[PDB]
Undergrad: 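Sharing a structure here in structure tokens format.
Residue numbers run from 1 in the order of the sequence given.
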Amino acid sequence: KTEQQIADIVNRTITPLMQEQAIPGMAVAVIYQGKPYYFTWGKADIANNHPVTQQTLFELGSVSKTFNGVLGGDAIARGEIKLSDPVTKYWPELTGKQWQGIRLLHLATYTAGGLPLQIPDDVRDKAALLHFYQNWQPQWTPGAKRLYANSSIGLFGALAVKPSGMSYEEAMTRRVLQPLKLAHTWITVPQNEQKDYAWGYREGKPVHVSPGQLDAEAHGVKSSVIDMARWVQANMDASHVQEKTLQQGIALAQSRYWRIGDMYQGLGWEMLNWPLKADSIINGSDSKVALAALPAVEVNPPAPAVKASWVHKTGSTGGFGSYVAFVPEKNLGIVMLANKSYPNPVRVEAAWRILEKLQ
């Protein structure tokens, strides 16, 4: 209930997590009764002894897919695209017969038929990207199986913005970031903000890898703890969001498009019915399960966003580990940002422990 109790609950979980996982720096935001509480620990840059602050930028990895889903939802609300539209409507160059029957819905929800996890490192331009998709051989018919893939949701983001006439980063900045006042959220970090951009660590060493094709769409957002708290607030309850297409896009990203066991696939967001057993989300986050091709069950028509849900997303990069989770029915949420990638089951367990103790 009190700020001191919230602080005690958060510190009791995060301090031993950082010690056990050898995390150099972390920033956490808790949304409790719709209000944000911010916490920072450790170092953004070990060698220069820079501390984590409320302005520190962390790489979100796959949490970037939530921004992709919402921008896609906003495009639907504008009347620019429809999830039922064929992929070929936005990329007429994809003449391959295997692309007939594949819709934007399938790209957004990993159900196109076995698109690969990543874009190959040698595919470095649009013609090479076209050749890659043109020669891709599906494993299953569209809608049969869900197989998590950056080449799937990455292409959804790229195509969703085509009617806008803007690049993906520009459409994301104008349509999502600026209206929600996310002033410390970037895809390309400007030179003047490099001083706040944390270093990611792997095996005790600073790591940096240049971005590849579709990185912005699938995995390229960087954000601060304050903006991530604002992102969770807006996604939990968009009633204050003045821009209607964005309010509607947020709601569309939490619609239930497919059922995969106990999980429901949204646009970027993944949801489970609330209340639930902690083991479902913890075991569910293990990469062996998360990356598995599993039968997908279409929800006809998509079920509108359910308030009684555990809505979440994990994400990592070579040097970062992030996790966001929220329960709209309880006006309760958490953001966990770290400059070391650590096991997903460990993130989910720590988030569950904090949110269980707060409720």
Side-chain angles (χ1 to χ4, degrees), residues 9-10 12-14 16-18 20-21 23 26 28-32 60-66 69 109-111 145-149 153 219 228-229 231-233 235-236 253-297 299 303 305-316 320-338 340-359:
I9 289 156
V10 176
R12 185 160 45 177
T13 296
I14 301 300
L17 169 63
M18 289 180 72
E20 180 58 26
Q21 301 298 331
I23 299 163
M26 275 194 91
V28 166
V30 152
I31 308 307
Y32 179 75
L60 305 184
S62 290
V63 179
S64 301
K65 293 164 190 176
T66 70
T109 60
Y110 323 115
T111 53
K145 304 211 194 172
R146 176 195 181 275
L147 175 68
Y148 158 67
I153 187 73
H219 214 241
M228 290 307 294
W231 181 241
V232 169
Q233 289 177 300
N235 279 274
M236 173 133 67
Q254 277 170 67
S255 286
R256 286 129 170 255
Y257 298 93
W258 308 82
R259 178 190 171 187
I260 314 88
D262 289 327
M263 188 271 279
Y264 300 87
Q265 182 67 55
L267 309 175
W269 293 110
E270 292 167 23
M271 296 78 68
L272 291 92
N273 285 319
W274 175 270
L276 56 80
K277 297 208 163 77
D279 287 15
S280 205
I281 50 161
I282 298 162
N283 299 344
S285 76
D286 190 289
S287 292
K288 211 193 191 315
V289 180
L291 271 64
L294 299 173
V297 172
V299 177
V306 172
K307 288 228 235 168
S309 298
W310 175 271
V311 185
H312 71 161
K313 192 70 196 73
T314 180
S316 309
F320 292 82
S322 306
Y323 185 66
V324 163
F326 60 89
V327 183
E329 188 78 286
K330 291 284 150 185
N331 210 11
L332 190 73
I334 191 160
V335 174
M336 294 154 62
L337 307 174
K340 183 183 163 175
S341 173
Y342 63 104
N344 282 336
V346 175
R347 315 189 190 165
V348 179
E349 189 177 66
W352 171 267
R353 288 164 161 176
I354 291 167
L355 299 187
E356 179 195 85
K357 283 161 97 75
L358 289 168
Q359 196 211 345

Undergrad: About how many Å separate CE of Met18 and OH of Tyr342, when rounded to the nearest 0.5 Å?
TA: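 It is 9.5 Å, given to the nearest 0.5 Å.
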
Undergrad: If every non-hydrogen atom of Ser285 is compared with every non-hydrogen atom of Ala290, which pair is closest and at what distance?
TA: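 Shortest heavy-atom contact: O-CB, 4.3 Å.
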
Undergrad: Pick from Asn273, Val297, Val306, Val311: which one makes a side-chain contact (heavy atoms from CB on, under 4.5 Å) with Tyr264?
TA: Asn273

Undergrad: Tell me, with the steps shown, if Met228 and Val63 meet side chain to side chain contact (heavy atoms under 4.5 Å, CB included).
TA: CA-CA 10 Å; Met228 290 307 294; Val63 179; 3.9 Å; yes

Undergrad: Could you pull out the closest heavy-atom pair between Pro295 and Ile260, with the gap in Å?
TA: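 Heavy-atom minimum between the residues: O-CG2, 3.9 Å.
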
Undergrad: Would you confirm whether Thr13, through its side chain, and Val10, through its main-chain N or O, come within 3.5 Å as a donor-acceptor pair?
TA: no

Undergrad: Above 12 or not: heavy atoms from other molecules or residues under 6.0 Å from NZ of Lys330?
TA: no

Undergrad: Which atom pair, heavy atoms only, marks the closest approach of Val289 to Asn283?
TA: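 Heavy atoms of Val289 and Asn283 come nearest at CG2-O, 3.9 Å.
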
Undergrad: With respect to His312, which candidate in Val324, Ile334, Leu272 satisfies the side-chain contact (heavy atoms from CB on, under 4.5 Å) definition?
TA: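 For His312, the side-chain contact (heavy atoms from CB on, under 4.5 Å) check succeeds only for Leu272.
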
Undergrad: Please determine whether the number of non-hydrogen atoms from other residues, nucleotides or ligands lying under 6.0 Å from atom CD of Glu20 exceeds 12.
TA: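 Open: at most 12 neighbouring heavy atoms sit under 6.0 Å from CD of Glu20.
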
Undergrad: Between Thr314 and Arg347, does any side-chain donor sit less than 3.5 Å from a side-chain acceptor?
TA: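 There is such a pair between these side chains.
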
Undergrad: Evaluate the side-chain proximity of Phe326 to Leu355: yes if any heavy-atom separation is below 4.5 Å, no if none is.
TA: no

Undergrad: Hey, does the side chain of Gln254 reach the backbone of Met271 with a donor-acceptor pair shorter than 3.5 angstrom?
TA: no

Undergrad: Apply side chain to side chain contact (heavy atoms under 4.5 Å, CB included) to the pair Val30 and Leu332, showing each step before the final yes or no.
TA: CA-CA 8 Å; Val30 152; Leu332 190 73; 5.7 Å; no

Undergrad: So do the side chains of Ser62 and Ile153 get within less than 4.5 Å of each other, counting heavy atoms only?
TA: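 They are not in contact (no side-chain heavy atoms under 4.5 Å apart), so the answer is no.
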
Undergrad: Could you tell me if the side chain of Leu358 sits less than 4.5 Å from the side chain of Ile9, heavy atoms only?
TA: yes

Undergrad: Of all heavy-atom pairs between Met263 and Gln265, which one has the smallest distance, and what is that distance?
TA: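 Where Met263 meets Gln265 most closely, the heavy atoms are SD-N, 3.6 Å.
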
Undergrad: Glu270 and salt bridge (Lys or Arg N to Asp or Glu O under 4.0 Å): which single residue from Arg256, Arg146, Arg259 fits?
TA: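 Looking at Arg256, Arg146, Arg259, the match for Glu270 under the salt bridge (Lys or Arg N to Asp or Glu O under 4.0 Å) is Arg146.
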
Undergrad: Which residues satisfy the ring-ring contact (aromatic ring centres under 6.0 Å, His included) test with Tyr110, sequence neighbours excluded?
TA: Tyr148

Undergrad: Evaluate the side-chain proximity of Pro343 to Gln21: yes if any heavy-atom separation is below 4.5 Å, no if none is.
TA: yes

Undergrad: State, with a plain yes or no, whether a side-chain heavy atom of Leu276 is found less than 4.5 Å away from one of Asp262.
TA: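 Contact flag for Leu276/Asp262 side chains = no.
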
Undergrad: Quick one about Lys277 and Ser280 (side-chain donor to acceptor, distance below 3.5 Å, no hydrogens or angles considered), yes or no?
TA: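 Result is no, nothing qualifies.
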
Undergrad: Could you tell me which non-hydrogen atom of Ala29 sits nearest to which non-hydrogen atom of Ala229, and how far apart they are?
TA: CB-CB, 3.6 Å

Undergrad: Heavy atoms, side chains only, cut-off 4.5 Å: are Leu17 and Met336 in contact?
TA: yes

Undergrad: Taking the side chain as every heavy atom from C-beta outward, state whether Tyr257 and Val299 have any pair of such atoms under 4.5 Å apart.
TA: no

